[PDB]
Visitor: 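Take this structure first; my questions come after.
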Amino acid sequence: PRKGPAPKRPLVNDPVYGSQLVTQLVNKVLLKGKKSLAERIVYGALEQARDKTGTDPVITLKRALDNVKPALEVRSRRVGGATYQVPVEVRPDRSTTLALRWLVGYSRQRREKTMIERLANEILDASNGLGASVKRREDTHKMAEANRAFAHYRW
Amino acid sequence: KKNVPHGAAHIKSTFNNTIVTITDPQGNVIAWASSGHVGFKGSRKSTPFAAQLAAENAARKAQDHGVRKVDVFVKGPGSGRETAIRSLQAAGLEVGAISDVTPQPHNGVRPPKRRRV
RNA sequence: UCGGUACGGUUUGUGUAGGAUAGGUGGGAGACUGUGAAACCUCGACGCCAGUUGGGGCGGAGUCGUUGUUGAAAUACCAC
RNA sequence: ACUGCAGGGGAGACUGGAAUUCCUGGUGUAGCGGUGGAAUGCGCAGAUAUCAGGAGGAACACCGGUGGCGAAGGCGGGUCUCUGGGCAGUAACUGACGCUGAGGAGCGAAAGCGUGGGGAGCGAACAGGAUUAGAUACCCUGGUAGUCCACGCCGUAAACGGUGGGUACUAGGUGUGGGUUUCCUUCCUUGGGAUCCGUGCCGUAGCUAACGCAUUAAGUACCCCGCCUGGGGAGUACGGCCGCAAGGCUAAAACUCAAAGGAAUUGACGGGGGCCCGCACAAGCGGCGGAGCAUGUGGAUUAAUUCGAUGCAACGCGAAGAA
RNA sequence: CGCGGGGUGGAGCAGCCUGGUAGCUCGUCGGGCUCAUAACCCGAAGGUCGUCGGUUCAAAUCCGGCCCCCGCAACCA
RNA sequence: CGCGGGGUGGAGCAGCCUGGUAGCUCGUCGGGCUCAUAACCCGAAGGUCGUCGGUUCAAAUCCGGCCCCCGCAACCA
RNA sequence: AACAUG
Ligand SMILES: [Mg+2]
Ligand SMILES: [Mg+2]
Ligand SMILES: [Mg+2]
Ligand SMILES: [Mg+2]
Ligand SMILES: [Mg+2]
Ligand SMILES: [Mg+2]
Ligand SMILES: [Mg+2]
Ligand SMILES: [Mg+2]
Ligand SMILES: [Mg+2]
Ligand SMILES: [Mg+2]
Ligand SMILES: [Mg+2]
Ligand SMILES: [Mg+2]
Ligand SMILES: [Mg+2]
Ligand SMILES: [Mg+2]
Ligand SMILES: [Mg+2]
Ligand SMILES: [Mg+2]
Ligand SMILES: [Mg+2]
Ligand SMILES: [Mg+2]
Ligand SMILES: [Mg+2]
Ligand SMILES: [Mg+2]
Ligand SMILES: [Mg+2]
Ligand SMILES: [Mg+2]
Ligand SMILES: [Mg+2]
Ligand SMILES: [Mg+2]
Ligand SMILES: [Mg+2]
Ligand SMILES: [Mg+2]
Ligand SMILES: [Mg+2]
Ligand SMILES: [Mg+2]
Ligand SMILES: [Mg+2]
Ligand SMILES: [Mg+2]
Ligand SMILES: [Mg+2]
Ligand SMILES: [Mg+2]
Ligand SMILES: [Mg+2]
């Protein structure tokens, strides 16, 4: 806005898994106001995550996010008759947002049948550094680390 | 296959490019790796990041000839001029005295016409 | 001053597996210390992980492959 | 006339250092150059870079300014030689010897012309590259005349302070350039005062259509000269004069228009400036444009397809109900 | 006929002498940014390394036979 | 009249001695963008390959006939 | 870069 920053909304702790990271995942899965539907998908995929490791699922979730959080994004800027990308530093609570969007997004177009086994397989493949969500992490990094020459115009 | 302990590091820095040559105190070139030598083409050569990659590439190639300390003679109206001096330090050299040797005519030759850009 | 040629000495050699024994072939357990052993020093030689090292400086008697790989297996050591 | 004083005033000769380019040699390896972004181009046959030597040309960093000098154009590296003007003081001398000046004459930036030199860099023309609908341009890479010198021709410029010369008067304030002279003159302070000649800023009376000018007048006055008489046609034609030429000077009319102008005013606008806001962009989430149907509209058709709406701000609008 | 090299991803070319990986460049596809994939950026497809055999544990590399081009020097009555 | 080129979408050009696919550019049409038009952008459509008549299973391509267009020749008394 | 017109 013209008049400075807006207050951001607090997320209440998730009752089944006592963490605000789970309730920040259910709002990315949420479509059309189906929040009790969106929580059955997230809870159901996290129960399937411990059925393939035995480990606690939110520890697997935080290992899955740490492999897909970007550190450098590649925002665009025009100067004269040419454009380029400036590598800028991702503030941390944007990197939480931008990584939860990649896990939900790249697993909606994944090859399984239901959304529970699509979301759970993307979490397990990201907590090992294998999935397509991990692939966009280094594609975001290789794009931004190919443009260090333009890191001197940071607004 | 040489050994020269103290040398001189000449830095030319224009609005288009930067050339970082390292010589002996008699003016014999030891290594010279510039900004287009490291992979850069067009207007990316004049950026300060392209300057500090050239200053590393000439420094660590001069240390293969046993150079441990350089004197710095900079010239030219470029912004890759102080990112090069702070890249010879952070490559294993001791930079010594810094001099500006930019040529200054005493109302000498006629410059080209001004650009109606 | 830069080679070519005939011949001698010196030296070179690192997929993976794995002695670090790291070119082919031969057979080779005795060649191995006043020809003064090993440790220890480091004027150096090279570079791909540990130098295989022509450093010749220091020693006061092994610098053994049957085990446990490079087809695999020696490659200490000797002819080529 | 004498006595001083300041000065890029001018002409001639000699001469200095920096930088650019080229040449020769060394070191050196693969790029350099250029732009908004590139490409043409240069280079890999040893470029650019770098160090030493050499050749040549042109312009003179700092001083340097708002400052100085010159009738104007103009004038700044150094030294020497020849030379022009100005200011102040003394009041020694001459005794109105003054001012202006039609015609005329001389000087007169830059471009250009002739002959002869010289040519580093720059750079019309030209050539390639780019940009674009095109690009005979702007931007890039090259590049001839010319820019320099000697001697002549040209005689034009927004040659401007858009303000002809001479003279006398008419409040001051305030910087700065050159002198002269006064009280504690050293009160070191090179300070204040007076006065003469410049060159700036402000400002009174007065003037002006207004903007503005204002002791350096565009004020108040006198002398002489140049010029104007609506806008175009036109500073053109024809005639003459000058010129090697380009062209310069002198200079009309037919015809056509009822305006063309100057200053200021309010607005609107700007690919002007400052500040500021808005789902304007960004950051997000879900769409439309493709399918089938519904509804309105354009066009077409029909005997009639009733009329109205037509960029945002008409089009599931008037129509909250056409068998 | 002798000699003297060469065939490798859609095009180009290293690796070959000296045996253990098939790579680089351009073209293409896809994505990104953008007025313009002009450029710039990332990922991938595209290969019995001319074909047969042969030698070695193992051959793009080395041997031989074959097709297929390019040179040179002849031969050309 | 000789010789040798040519006729392909609305325009200008490819494709043909290499018989089995008809191509590029501008233009026309439909949609964007704009207050509107140019420029720009997306999507399409359009050709008996001059006529005829052979050859062939098959002809723009091969071979003859005509009808047009273009160029070079037409000299010695 | 960029951009004509009424
Ligand atoms: Mg003088
Ligand atoms: Mg010099
Ligand atoms: Mg020269
Ligand atoms: Mg040079
Ligand atoms: Mg002088
Ligand atoms: Mg008398
Ligand atoms: Mg007179
Ligand atoms: Mg007169
Ligand atoms: Mg004259
Ligand atoms: Mg002149
Ligand atoms: Mg001349
Ligand atoms: Mg001449
Ligand atoms: Mg041109
Ligand atoms: Mg030019
Ligand atoms: Mg001429
Ligand atoms: Mg003269
Ligand atoms: Mg003037
Ligand atoms: Mg006048
Ligand atoms: Mg007067
Ligand atoms: Mg005065
Ligand atoms: Mg005033
Ligand atoms: Mg007046
Ligand atoms: Mg008139
Ligand atoms: Mg005239
Ligand atoms: Mg006349
Ligand atoms: Mg006006
Ligand atoms: Mg405005
Ligand atoms: Mg709002
Ligand atoms: Mg947005
Ligand atoms: Mg639809
Ligand atoms: Mg109607
Ligand atoms: Mg409505
Ligand atoms: Mg259309």
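A note on names: the letters A, B, ... follow the listed sequences, proteins ahead of strands, and every chain is numbered from 1. For the numbers below, each heavy atom of this structure counts, side chains included, while hydrogens, waters and symmetry mates do not.
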Visitor: For D/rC140, take OP1 and OP2 only and decide whether either is under 4.0 Å from a side-chain N or O of B/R115.
Guide: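 Yes, within the criterion.
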Visitor: Kindly point out which of E/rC42, D/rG33, D/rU20 is positioned nearest to the side chain of B/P103?
Guide: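 It is D/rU20.
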Visitor: Taking 4.0 Å as the cut-off, does a side-chain nitrogen or oxygen of B/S34 come that near to OP1 or OP2 on D/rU48?
Guide: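 So the side-chain polar atoms of B/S34 never come under 4.0 Å of the phosphate oxygens OP1 or OP2 of D/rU48.
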Visitor: Under 3.5 Å for both distances, do we get a Watson-Crick or G-U wobble pair between D/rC307 and D/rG70?
Guide: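 Paired, no.
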Visitor: If you look at every heavy atom in B/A50 and B/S35, which pair is closest and at what distance?
Guide: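 Looking at all heavy atoms of both residues, the closest pair is CB-OG, 3.3 Å.
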Visitor: To the nearest angstrom, how far is B/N16 atom CG from D/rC139 atom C1'?
Guide: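 My rounded result for the distance is 14 Å.
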Visitor: Just checking B/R116: base, sugar-phosphate only, or nothing, at a heavy-atom cut-off of under 4.0 Å?
Guide: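 B/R116: backbone/sugar contact only, no base atoms under 4.0 Å.
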Visitor: Could you state the atom-to-atom distance from CG of A/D139 to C1' of E/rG31 in whole Å?
Guide: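 Atom-to-atom, A/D139 to E/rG31, this comes out as 9 Å.
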Visitor: Paired with D/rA171: which nucleotide, if any, by Watson-Crick or G-U wobble criteria at under 3.5 Å for both distances?
Guide: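 Here D/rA171 is not engaged in any pair, so there is no nucleotide opposite it.
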Visitor: Under 6.0 Å from the NZ atom of A/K8, do we count more than 12 heavy atoms belonging to anything else shown?
Guide: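 Not buried by this count: 12 neighbours or fewer within 6.0 Å.
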Visitor: In residues 68-101 of chain A, which residues come under 4.0 Å of RNA chain G by heavy atom?
Guide: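 Contacts with RNA chain G under 4.0 Å: A/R78, A/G81.
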Visitor: Check this one for me: any side-chain N or O of A/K3 less than 4.0 Å away from OP1 or OP2 of D/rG278?
Guide: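 Indeed, a polar side-chain atom of A/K3 lies that close.
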Visitor: Does B/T23 make a side-chain N or O approach to OP1 or OP2 of D/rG28 shorter than 4.0 Å?
Guide: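 No.
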Visitor: What nucleotide, of D/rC32, D/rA61, D/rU27, holds the atom closest to the side chain of B/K45?
Guide: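 Per side-chain heavy atoms of B/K45, the pick is D/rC32.
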